[PDB]
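Q: Below you'll find input28.pdb; it's PDB, C-alpha atoms (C1' of nucleotides) and all ligand atoms.
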ATOM      1  CA  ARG A   1     -98.415 -43.126 123.645  1.00  0.00           C
ATOM      2  CA  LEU A   2     -98.438 -39.642 125.163  1.00  0.00           C
ATOM      3  CA  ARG A   3    -100.810 -37.265 123.390  1.00  0.00           C
ATOM      4  CA  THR A   4    -100.363 -33.526 122.937  1.00  0.00           C
ATOM      5  CA  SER A   5    -103.043 -30.864 122.580  1.00  0.00           C
ATOM      6  CA  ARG A   6    -102.135 -30.537 118.885  1.00  0.00           C
ATOM      7  CA  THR A   7    -102.148 -34.261 118.094  1.00  0.00           C
ATOM      8  CA  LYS A   8    -104.771 -35.900 115.898  1.00  0.00           C
ATOM      9  CA  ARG A   9    -108.056 -36.180 117.782  1.00  0.00           C
ATOM     10  CA  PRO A  10    -108.849 -39.752 118.924  1.00  0.00           C
ATOM     11  CA  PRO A  11    -112.046 -41.366 117.594  1.00  0.00           C
ATOM     12  CA  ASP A  12    -115.422 -40.250 118.872  1.00  0.00           C
ATOM     13  CA  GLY A  13    -115.975 -42.920 121.517  1.00  0.00           C
ATOM     14  CA  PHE A  14    -112.912 -41.911 123.512  1.00  0.00           C
ATOM     15  CA  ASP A  15    -113.860 -39.011 125.775  1.00  0.00           C
ATOM     16  CA  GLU A  16    -116.440 -40.853 127.866  1.00  0.00           C
ATOM     17  CA  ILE A  17    -113.846 -43.493 128.715  1.00  0.00           C
ATOM     18  CA  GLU A  18    -110.961 -41.040 128.996  1.00  0.00           C
ATOM     19  CA  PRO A  19    -111.389 -40.363 132.765  1.00  0.00           C
ATOM     20  CA  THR A  20    -111.091 -43.977 133.926  1.00  0.00           C
ATOM     21  CA  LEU A  21    -107.979 -44.553 131.836  1.00  0.00           C
ATOM     22  CA  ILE A  22    -106.616 -41.429 133.491  1.00  0.00           C
ATOM     23  CA  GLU A  23    -107.349 -43.018 136.853  1.00  0.00           C
ATOM     24  CA  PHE A  24    -105.504 -46.147 135.759  1.00  0.00           C
ATOM     25  CA  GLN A  25    -102.506 -44.034 134.841  1.00  0.00           C
ATOM     26  CA  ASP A  26    -102.644 -42.194 138.145  1.00  0.00           C
ATOM     27  CA  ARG A  27    -102.532 -45.369 140.175  1.00  0.00           C
ATOM     28  CA  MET A  28     -99.783 -46.815 138.033  1.00  0.00           C
ATOM     29  CA  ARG A  29     -97.742 -43.773 139.011  1.00  0.00           C
ATOM     30  CA  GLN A  30     -98.547 -44.304 142.684  1.00  0.00           C
ATOM     31  CA  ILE A  31     -97.429 -47.936 142.429  1.00  0.00           C
ATOM     32  CA  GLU A  32     -94.181 -46.756 140.870  1.00  0.00           C
ATOM     33  CA  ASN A  33     -93.507 -44.453 143.828  1.00  0.00           C
ATOM     34  CA  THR A  34     -94.703 -46.931 146.479  1.00  0.00           C
ATOM     35  CA  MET A  35     -91.736 -48.840 147.905  1.00  0.00           C
ATOM     36  CA  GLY A  36     -91.140 -51.599 150.432  1.00  0.00           C
ATOM     37  CA  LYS A  37     -92.714 -54.763 151.816  1.00  0.00           C
ATOM     38  CA  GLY A  38     -91.512 -57.503 149.516  1.00  0.00           C
ATOM     39  CA  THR A  39     -88.675 -59.362 147.871  1.00  0.00           C
ATOM     40  CA  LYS A  40     -86.964 -58.258 144.669  1.00  0.00           C
ATOM     41  CA  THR A  41     -89.719 -59.802 142.535  1.00  0.00           C
ATOM     42  CA  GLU A  42     -92.759 -59.394 144.794  1.00  0.00           C
ATOM     43  CA  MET A  43     -92.736 -55.596 144.678  1.00  0.00           C
ATOM     44  CA  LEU A  44     -93.149 -55.803 140.907  1.00  0.00           C
ATOM     45  CA  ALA A  45     -96.285 -57.953 141.111  1.00  0.00           C
ATOM     46  CA  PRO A  46     -98.924 -55.167 141.369  1.00  0.00           C
ATOM     47  CA  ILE A  47     -97.740 -53.710 138.045  1.00  0.00           C
ATOM     48  CA  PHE A  48     -98.899 -56.740 136.108  1.00  0.00           C
ATOM     49  CA  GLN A  49    -102.048 -56.737 138.205  1.00  0.00           C
ATOM     50  CA  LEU A  50    -103.139 -53.292 137.144  1.00  0.00           C
ATOM     51  CA  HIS A  51    -101.925 -53.902 133.604  1.00  0.00           C
ATOM     52  CA  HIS A  52    -104.062 -56.998 133.237  1.00  0.00           C
ATOM     53  CA  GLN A  53    -106.986 -55.167 134.753  1.00  0.00           C
ATOM     54  CA  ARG A  54    -106.620 -52.275 132.349  1.00  0.00           C
ATOM     55  CA  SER A  55    -106.384 -54.544 129.333  1.00  0.00           C
ATOM     56  CA  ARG A  56    -109.381 -56.467 130.611  1.00  0.00           C
ATOM     57  CA  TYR A  57    -111.335 -53.235 130.881  1.00  0.00           C
ATOM     58  CA  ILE A  58    -110.715 -52.501 127.223  1.00  0.00           C
ATOM     59  CA  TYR A  59    -111.462 -56.104 126.340  1.00  0.00           C
ATOM     60  CA  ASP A  60    -114.716 -55.817 128.261  1.00  0.00           C
ATOM     61  CA  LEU A  61    -115.538 -52.629 126.388  1.00  0.00           C
ATOM     62  CA  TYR A  62    -115.290 -54.351 123.022  1.00  0.00           C
ATOM     63  CA  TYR A  63    -116.149 -58.026 123.334  1.00  0.00           C
ATOM     64  CA  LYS A  64    -118.747 -57.992 126.145  1.00  0.00           C
ATOM     65  CA  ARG A  65    -120.625 -54.674 126.039  1.00  0.00           C
ATOM     66  CA  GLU A  66    -119.835 -53.424 122.485  1.00  0.00           C
ATOM     67  CA  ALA A  67    -119.528 -49.940 123.960  1.00  0.00           C
ATOM     68  CA  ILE A  68    -116.707 -48.835 121.637  1.00  0.00           C
ATOM     69  CA  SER A  69    -116.364 -48.722 117.872  1.00  0.00           C
ATOM     70  CA  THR A  70    -113.891 -50.938 116.052  1.00  0.00           C
ATOM     71  CA  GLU A  71    -111.941 -47.872 114.894  1.00  0.00           C
ATOM     72  CA  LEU A  72    -111.442 -46.704 118.474  1.00  0.00           C
ATOM     73  CA  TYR A  73    -110.447 -50.203 119.578  1.00  0.00           C
ATOM     74  CA  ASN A  74    -107.763 -50.529 116.897  1.00  0.00           C
ATOM     75  CA  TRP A  75    -106.578 -47.060 117.891  1.00  0.00           C
ATOM     76  CA  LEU A  76    -106.381 -48.103 121.553  1.00  0.00           C
ATOM     77  CA  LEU A  77    -104.320 -51.193 120.735  1.00  0.00           C
ATOM     78  CA  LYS A  78    -102.044 -49.116 118.509  1.00  0.00           C
ATOM     79  CA  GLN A  79    -101.555 -46.550 121.302  1.00  0.00           C
ATOM     80  CA  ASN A  80    -100.522 -49.347 123.721  1.00  0.00           C
ATOM     81  CA  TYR A  81    -103.474 -48.605 126.000  1.00  0.00           C
ATOM     82  CA  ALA A  82    -104.006 -52.383 125.861  1.00  0.00           C
ATOM     83  CA  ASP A  83    -101.734 -55.370 125.297  1.00  0.00           C
ATOM     84  CA  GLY A  84    -102.616 -56.939 121.964  1.00  0.00           C
ATOM     85  CA  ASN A  85    -100.920 -60.251 122.737  1.00  0.00           C
ATOM     86  CA  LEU A  86    -102.708 -60.641 126.076  1.00  0.00           C
ATOM     87  CA  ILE A  87    -106.060 -59.960 124.412  1.00  0.00           C
ATOM     88  CA  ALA A  88    -105.189 -62.455 121.678  1.00  0.00           C
ATOM     89  CA  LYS A  89    -104.548 -65.032 124.400  1.00  0.00           C
ATOM     90  CA  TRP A  90    -107.875 -64.159 126.028  1.00  0.00           C
ATOM     91  CA  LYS A  91    -109.661 -64.856 122.722  1.00  0.00           C
ATOM     92  CA  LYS A  92    -108.737 -68.559 122.550  1.00  0.00           C
ATOM     93  CA  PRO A  93    -110.113 -71.419 124.673  1.00  0.00           C
ATOM     94  CA  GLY A  94    -108.199 -72.255 127.822  1.00  0.00           C
ATOM     95  CA  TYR A  95    -106.887 -68.725 128.443  1.00  0.00           C
ATOM     96  CA  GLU A  96    -110.068 -66.784 129.219  1.00  0.00           C
ATOM     97  CA  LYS A  97    -108.724 -65.469 132.529  1.00  0.00           C
ATOM     98  CA  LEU A  98    -104.981 -65.400 131.875  1.00  0.00           C
ATOM     99  CA  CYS A  99    -103.070 -63.394 134.470  1.00  0.00           C
ATOM    100  CA  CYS A 100    -100.134 -62.173 132.395  1.00  0.00           C
ATOM    101  CA  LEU A 101     -98.065 -63.390 129.471  1.00  0.00           C
ATOM    102  CA  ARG A 102     -94.956 -64.428 131.439  1.00  0.00           C
ATOM    103  CA  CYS A 103     -96.848 -67.276 133.146  1.00  0.00           C
ATOM    104  CA  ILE A 104     -97.610 -69.118 129.885  1.00  0.00           C
ATOM    105  CA  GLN A 105     -94.198 -69.191 128.212  1.00  0.00           C
ATOM    106  CA  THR A 106     -91.844 -71.994 129.181  1.00  0.00           C
ATOM    107  CA  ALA A 107     -88.462 -70.492 128.279  1.00  0.00           C
ATOM    108  CA  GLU A 108     -88.496 -68.398 131.479  1.00  0.00           C
ATOM    109  CA  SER A 109     -88.808 -71.365 133.858  1.00  0.00           C
ATOM    110  CA  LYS A 110     -86.133 -73.579 135.368  1.00  0.00           C
ATOM    111  CA  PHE A 111     -87.590 -76.852 134.060  1.00  0.00           C
ATOM    112  CA  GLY A 112     -89.382 -75.674 130.918  1.00  0.00           C
ATOM    113  CA  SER A 113     -92.846 -75.653 132.471  1.00  0.00           C
ATOM    114  CA  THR A 114     -95.641 -73.124 132.796  1.00  0.00           C
ATOM    115  CA  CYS A 115     -96.512 -71.464 136.098  1.00  0.00           C
ATOM    116  CA  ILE A 116     -98.579 -72.872 138.962  1.00  0.00           C
ATOM    117  CA  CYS A 117    -101.401 -70.478 138.223  1.00  0.00           C
ATOM    118  CA  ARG A 118    -102.054 -72.134 134.861  1.00  0.00           C
ATOM    119  CA  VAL A 119    -102.906 -75.425 136.608  1.00  0.00           C
ATOM    120  CA  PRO A 120    -106.487 -76.309 137.636  1.00  0.00           C
ATOM    121  CA  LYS A 121    -106.944 -76.346 141.403  1.00  0.00           C
ATOM    122  CA  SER A 122    -108.802 -79.675 141.339  1.00  0.00           C
ATOM    123  CA  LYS A 123    -105.570 -81.573 140.698  1.00  0.00           C
ATOM    124  CA  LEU A 124    -103.518 -79.252 142.915  1.00  0.00           C
ATOM    125  CA  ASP A 125    -103.146 -80.109 146.610  1.00  0.00           C
ATOM    126  CA  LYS A 126    -104.819 -77.856 149.185  1.00  0.00           C
ATOM    127  CA  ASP A 127    -101.512 -76.864 150.765  1.00  0.00           C
ATOM    128  CA  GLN A 128     -99.803 -75.666 147.576  1.00  0.00           C
ATOM    129  CA  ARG A 129    -102.349 -72.963 146.672  1.00  0.00           C
ATOM    130  CA  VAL A 130     -99.871 -70.099 146.938  1.00  0.00           C
ATOM    131  CA  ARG A 131     -99.469 -66.698 145.344  1.00  0.00           C
ATOM    132  CA  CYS A 132     -97.614 -66.654 142.046  1.00  0.00           C
ATOM    133  CA  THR A 133     -94.145 -65.154 142.225  1.00  0.00           C
ATOM    134  CA  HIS A 134     -94.349 -63.705 138.705  1.00  0.00           C
ATOM    135  CA  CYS A 135     -97.470 -61.605 139.287  1.00  0.00           C
ATOM    136  CA  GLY A 136     -99.197 -62.797 142.453  1.00  0.00           C
ATOM    137  CA  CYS A 137    -101.718 -64.747 140.388  1.00  0.00           C
ATOM    138  CA  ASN A 138    -104.097 -66.981 142.333  1.00  0.00           C
ATOM    139  CA  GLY A 139    -105.303 -69.310 139.577  1.00  0.00           C
ATOM    140  CA  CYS A 140    -105.446 -68.768 135.811  1.00  0.00           C
ATOM    141  CA  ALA A 141    -107.076 -71.995 134.670  1.00  0.00           C
ATOM    142  CA  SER A 142    -110.361 -71.470 132.846  1.00  0.00           C
ATOM    143  CA  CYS A 143    -112.103 -74.006 135.093  1.00  0.00           C
ATOM    144  CA  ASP A 144    -111.688 -71.783 138.154  1.00  0.00           C
TER
ATOM    145  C1'   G B   1    -115.512 -70.988 132.819  1.00  0.00           C
ATOM    146  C1'   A B   2    -116.020 -71.151 126.257  1.00  0.00           C
ATOM    147  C1'   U B   3    -117.230 -74.681 122.508  1.00  0.00           C
ATOM    148  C1'   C B   4    -120.009 -78.285 120.694  1.00  0.00           C
ATOM    149  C1'   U B   5    -122.830 -82.726 122.279  1.00  0.00           C
ATOM    150  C1'   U B   6    -127.457 -84.867 123.620  1.00  0.00           C
ATOM    151  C1'   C B   7    -128.212 -84.407 128.969  1.00  0.00           C
ATOM    152  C1'   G B   8    -123.874 -90.618 128.717  1.00  0.00           C
ATOM    153  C1'   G B   9    -120.041 -86.689 127.632  1.00  0.00           C
ATOM    154  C1'   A B  10    -116.337 -84.615 124.504  1.00  0.00           C
ATOM    155  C1'   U B  11    -113.144 -81.079 123.658  1.00  0.00           C
ATOM    156  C1'   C B  12    -109.277 -76.021 125.540  1.00  0.00           C
ATOM    157  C1'   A B  13    -105.318 -74.973 129.070  1.00  0.00           C
ATOM    158  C1'   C B  14    -101.709 -78.673 133.167  1.00  0.00           C
ATOM    159  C1'   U B  15     -97.042 -77.736 138.800  1.00  0.00           C
ATOM    160  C1'   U B  16     -93.761 -70.973 139.723  1.00  0.00           C
ATOM    161  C1'   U B  17     -90.181 -69.665 143.363  1.00  0.00           C
ATOM    162  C1'   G B  18     -81.693 -67.042 140.020  1.00  0.00           C
ATOM    163  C1'   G B  19     -81.235 -67.987 145.988  1.00  0.00           C
ATOM    164  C1'   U B  20     -72.919 -63.362 149.061  1.00  0.00           C
ATOM    165  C1'   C B  21     -78.101 -66.761 151.107  1.00  0.00           C
ATOM    166  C1'   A B  22     -84.275 -63.742 156.666  1.00  0.00           C
ATOM    167  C1'   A B  23     -85.616 -56.092 158.793  1.00  0.00           C
ATOM    168  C1'   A B  24     -77.328 -53.455 158.795  1.00  0.00           C
ATOM    169  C1'   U B  25     -73.166 -54.923 166.255  1.00  0.00           C
ATOM    170  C1'   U B  26     -70.810 -61.119 166.048  1.00  0.00           C
ATOM    171  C1'   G B  27     -69.109 -64.648 158.328  1.00  0.00           C
ATOM    172  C1'   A B  28     -68.154 -59.066 150.475  1.00  0.00           C
ATOM    173  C1'   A B  29     -61.641 -55.386 151.827  1.00  0.00           C
ATOM    174  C1'   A B  30     -57.976 -52.518 153.649  1.00  0.00           C
ATOM    175  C1'   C B  31     -56.694 -49.163 156.727  1.00  0.00           C
ATOM    176  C1'   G B  32     -56.426 -43.573 159.671  1.00  0.00           C
ATOM    177  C1'   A B  33     -53.390 -41.714 163.366  1.00  0.00           C
ATOM    178  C1'   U B  34     -49.825 -41.467 167.004  1.00  0.00           C
ATOM    179  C1'   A B  35     -44.491 -43.296 168.788  1.00  0.00           C
ATOM    180  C1'   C B  36     -39.449 -45.496 166.639  1.00  0.00           C
ATOM    181  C1'   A B  37     -35.866 -45.825 162.258  1.00  0.00           C
ATOM    182  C1'   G B  38     -36.266 -42.960 158.397  1.00  0.00           C
ATOM    183  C1'   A B  39     -33.727 -43.301 150.629  1.00  0.00           C
ATOM    184  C1'   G B  40     -29.413 -49.368 146.233  1.00  0.00           C
ATOM    185  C1'   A B  41     -23.334 -50.472 143.902  1.00  0.00           C
ATOM    186  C1'   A B  42     -16.733 -51.358 149.037  1.00  0.00           C
ATOM    187  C1'   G B  43     -15.380 -42.106 150.514  1.00  0.00           C
ATOM    188  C1'   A B  44     -19.523 -38.424 148.542  1.00  0.00           C
ATOM    189  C1'   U B  45     -23.297 -37.339 145.402  1.00  0.00           C
ATOM    190  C1'   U B  46     -25.806 -40.103 142.739  1.00  0.00           C
ATOM    191  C1'   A B  47     -28.302 -42.938 135.812  1.00  0.00           C
ATOM    192  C1'   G B  48     -30.349 -47.127 135.380  1.00  0.00           C
ATOM    193  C1'   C B  49     -31.268 -52.877 133.001  1.00  0.00           C
ATOM    194  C1'   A B  50     -31.581 -57.311 134.800  1.00  0.00           C
ATOM    195  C1'   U B  51     -31.705 -62.619 138.003  1.00  0.00           C
ATOM    196  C1'   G B  52     -35.555 -65.903 142.024  1.00  0.00           C
ATOM    197  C1'   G B  53     -40.815 -66.451 143.377  1.00  0.00           C
ATOM    198  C1'   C B  54     -46.690 -69.017 148.454  1.00  0.00           C
ATOM    199  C1'   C B  55     -44.407 -60.427 147.689  1.00  0.00           C
ATOM    200  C1'   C B  56     -47.261 -57.362 145.171  1.00  0.00           C
ATOM    201  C1'   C B  57     -49.590 -52.331 143.300  1.00  0.00           C
ATOM    202  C1'   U B  58     -51.126 -48.920 138.710  1.00  0.00           C
ATOM    203  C1'   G B  59     -52.173 -50.328 133.862  1.00  0.00           C
ATOM    204  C1'   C B  60     -56.391 -52.566 128.087  1.00  0.00           C
ATOM    205  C1'   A B  61     -51.669 -54.344 127.613  1.00  0.00           C
ATOM    206  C1'   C B  62     -46.793 -59.778 125.823  1.00  0.00           C
ATOM    207  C1'   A B  63     -45.523 -51.102 126.491  1.00  0.00           C
ATOM    208  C1'   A B  64     -44.050 -48.901 130.729  1.00  0.00           C
ATOM    209  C1'   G B  65     -44.017 -47.451 135.714  1.00  0.00           C
ATOM    210  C1'   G B  66     -44.192 -47.979 141.306  1.00  0.00           C
ATOM    211  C1'   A B  67     -36.727 -46.161 145.494  1.00  0.00           C
ATOM    212  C1'   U B  68     -32.863 -49.652 139.670  1.00  0.00           C
ATOM    213  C1'   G B  69     -41.054 -51.311 142.885  1.00  0.00           C
ATOM    214  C1'   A B  70     -39.824 -54.206 147.460  1.00  0.00           C
ATOM    215  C1'   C B  71     -37.340 -58.583 149.586  1.00  0.00           C
ATOM    216  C1'   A B  72     -33.206 -61.772 148.616  1.00  0.00           C
ATOM    217  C1'   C B  73     -27.572 -62.249 146.507  1.00  0.00           C
ATOM    218  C1'   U B  74     -22.681 -67.101 151.415  1.00  0.00           C
ATOM    219  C1'   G B  75     -19.587 -70.118 152.710  1.00  0.00           C
ATOM    220  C1'   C B  76     -19.658 -75.013 153.755  1.00  0.00           C
ATOM    221  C1'   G B  77     -16.596 -81.069 155.640  1.00  0.00           C
ATOM    222  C1'   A B  78     -18.708 -88.617 150.465  1.00  0.00           C
ATOM    223  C1'   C B  79     -11.417 -85.627 155.079  1.00  0.00           C
ATOM    224  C1'   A B  80      -8.569 -90.121 154.030  1.00  0.00           C
ATOM    225  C1'   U B  81      -5.887 -89.678 158.112  1.00  0.00           C
ATOM    226  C1'   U B  82      -0.894 -91.214 158.788  1.00  0.00           C
ATOM    227  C1'   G B  83       3.906 -88.851 159.877  1.00  0.00           C
ATOM    228  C1'   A B  84       6.014 -89.358 164.382  1.00  0.00           C
ATOM    229  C1'   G B  85       7.030 -89.016 169.754  1.00  0.00           C
ATOM    230  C1'   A B  86       5.696 -89.173 175.203  1.00  0.00           C
ATOM    231  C1'   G B  87       3.601 -90.675 179.753  1.00  0.00           C
ATOM    232  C1'   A B  88       0.002 -94.885 180.451  1.00  0.00           C
ATOM    233  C1'   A B  89      -1.928 -98.981 179.361  1.00  0.00           C
ATOM    234  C1'   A B  90      -1.983-104.442 177.929  1.00  0.00           C
ATOM    235  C1'   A B  91       1.866-105.974 173.490  1.00  0.00           C
ATOM    236  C1'   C B  92       6.213-106.064 170.222  1.00  0.00           C
TER
HETATM  237  K     K C 201     -31.288 -43.942 141.349  1.00  0.00           K
HETATM  238 MG    MG C 202     -39.251 -51.343 136.544  1.00  0.00          MG
HETATM  239 MG    MG C 203     -36.657 -54.358 140.470  1.00  0.00          MG
HETATM  240 ZN    ZN C 204    -101.564 -66.539 136.545  1.00  0.00          ZN
HETATM  241 ZN    ZN C 205     -98.632 -64.160 135.501  1.00  0.00          ZN
HETATM  242 ZN    ZN C 206     -97.978 -67.638 137.221  1.00  0.00          ZN
END
What would you get if you wrote out this structure as structure tokens?

A:
Amino acid sequence: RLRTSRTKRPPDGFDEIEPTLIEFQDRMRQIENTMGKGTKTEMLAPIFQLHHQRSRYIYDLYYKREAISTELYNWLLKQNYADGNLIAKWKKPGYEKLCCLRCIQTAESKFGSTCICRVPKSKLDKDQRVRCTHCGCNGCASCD
RNA sequence: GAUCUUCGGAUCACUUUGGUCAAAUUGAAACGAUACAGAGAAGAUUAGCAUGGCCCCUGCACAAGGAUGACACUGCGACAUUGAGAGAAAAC
């Protein structure tokens, strides 16, 4: 993950996108330091937020604007700058706007069911449109 | 929203919330100190191992320690009464 001055030089298309990744890292640090205003699980929601956003940025670089070479993209996934499993989920129908990967797997729930965010809002009542407790998600379903 | 399909629709996904319990006087324990006595076995100094359980503490322990860890170690009536006398009473 961490790169030294004497490490192998990343592929060519890296430097122009290096600064924004640096900004992502900076704010992740700030979120780590920032404390208060939530329950034991709510304070850990913004982490997944930024993480999904960062992975989506890389996904947008490759699959929507073809701004990065395939070599650089494999390098980025190998350096954990993006979550390979989350991107794999984004590449199949029904999970285009997946929030995180803990809201899809059923072994982490009380009754073996996915999260509320995975459910389309059309069949969900108006009153029970609440923030996810896993990551604060406000609706994953591809329809919305 | 993506995919087809023919502008009828079909696919793809589909219900969270670990809760000694709401931002700390008044529902997570157990005591400091001061004041009193103040160290087992029939004189005195003193080794210990035990018995009993709504007494525990240290210990990983079915070792061993904590004053021999401490407290306790007793005691009574399924007694049948007649054996006899005396004054009274009621009775040989
Ligand atoms: K002694
Ligand atoms: Mg002993
Ligand atoms: Mg003893
Ligand atoms: Zn979600
Ligand atoms: Zn999630
Ligand atoms: Zn969720």

Q: Give as a ChimeraX atom specification the residues that the PyMOL selection byres ((chain B) within 6 of (chain A)) matches when applied to the coordinates above.

A: /B:1,12-16

Q: Any chance you can output those residues with C-alpha atoms (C1' of nucleotides) as a PDB file, keeping the file's coordinate frame?

A:
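Writing done, so here's selection_14.pdb:
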ATOM      1  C1'   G B   1    -115.512 -70.988 132.819  1.00  0.00           C
ATOM      2  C1'   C B  12    -109.277 -76.021 125.540  1.00  0.00           C
ATOM      3  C1'   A B  13    -105.318 -74.973 129.070  1.00  0.00           C
ATOM      4  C1'   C B  14    -101.709 -78.673 133.167  1.00  0.00           C
ATOM      5  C1'   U B  15     -97.042 -77.736 138.800  1.00  0.00           C
ATOM      6  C1'   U B  16     -93.761 -70.973 139.723  1.00  0.00           C
TER       7        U B  16
END

Q: What's around residue 68 of chain B at 12 Å? Count all atoms listed in the file, leave out sequence neighbours fewer than 2 positions away in its own chain, and write the answer as a PyMOL selection string.

A: chain B and resi 40-41+47-50+66+70

Q: So how many Å separate atom CA of residue 25 of chain A and atom CA of residue 56 of chain A, to one decimal?

A: 14.8 Å

Q: Given the PyMOL selection byres (((chain A and resi 12-22) around 10) and not hetatm) and the file above, list the residues it selects as a list in words.

A: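 With the PyMOL selection byres (((chain A and resi 12-22) around 10) and not hetatm) on this model, the match is residues 9, 10, 11, 23, 24, 25, 26, 27, 28, 54, 57, 58, 61, 67, 68, 69, 70, 71, 72, 73, 75, 76 and 81 of chain A.
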
Q: Just how far from atom CA of residue 101 of chain A is atom CA of residue 32 of chain A, in Å to one decimal?

A: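 Between atom CA of residue 32 of chain A and atom CA of residue 101 of chain A the gap is 20.5 Å.
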
Q: Closest to ligand K 201 (chain C) among B:89, B:67, B:44, B:30, using all atoms listed in the file?

A: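 Of B:89, B:67, B:44, B:30, the one nearest ligand K 201 (chain C), counting all atoms listed in the file, is B:67.
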
Q: Check every protein, DNA and RNA residue against ligand ZN 205 (chain C), keep those with an atom at most 6 Å away (counting only C-alpha atoms (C1' of nucleotides) and all ligand atoms), and present them as a ChimeraX atom specification.

A: /A:99-100,102-103,134-135,137

Q: Give me, as a list in words, all polymer residues having an atom no more than 12 Å from residue 40 of chain A, counting all atoms listed in the file and skipping those fewer than 4 positions away in the same chain.

A: residues 35, 36, 44, 45, 133 and 134 of chain A; 17, 18 and 19 of chain B

Q: Using all atoms listed in the file, can you tell me which of A:78, A:29, A:52, A:6 comes closest to ligand ZN 204 (chain C)?

A: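 Distance minimum relative to ligand ZN 204 (chain C) lands on A:52.
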
Q: Assuming the chain letters and numbering stay as they are in my file, what does the PyMOL selection byres (((chain B and resi 71) around 12) and not hetatm) actually select? List them as JSON, numbers by chain.

A: {"B": [52, 53, 55, 56, 69, 70, 72, 73]}

Q: For each of A:34, A:55, A:49, A:4, take the minimum atom-to-atom distance to residue 85 of chain A, counting all atoms listed in the file, then give the residue where this is smallest.

A: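 Closest to residue 85 of chain A of all the choices is A:55.
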
Q: Identify which of the residues A:106, A:37, A:126, A:138 lies closest to ligand ZN 204 (chain C), counting all atoms listed in the file when measuring atom-to-atom distances.

A: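 Smallest separation from ligand ZN 204 (chain C) among the options: A:138.
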
Q: Find the distance between atom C1' of residue 74 of chain B and atom K of ligand K 201 (chain C) and write it in Å to one decimal.

A: 26.7 Å

Q: Where's the centre, and what are the edge lengths in Å to one decimal, of a box along x, y and z enclosing all listed atoms of segment 34-43 of chain A padded 3 Å per side, as lines of an AutoDock Vina configuration file?

A:
center_x = -90.8
center_y = -53.4
center_z = 147.2
size_x = 13.7
size_y = 18.9
size_z = 15.3

Q: Hey, which of B:21, B:39, B:7, B:61 ends up closest to ligand K 201 (chain C)? Count only C-alpha atoms (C1' of nucleotides) and all ligand atoms.

A: B:39
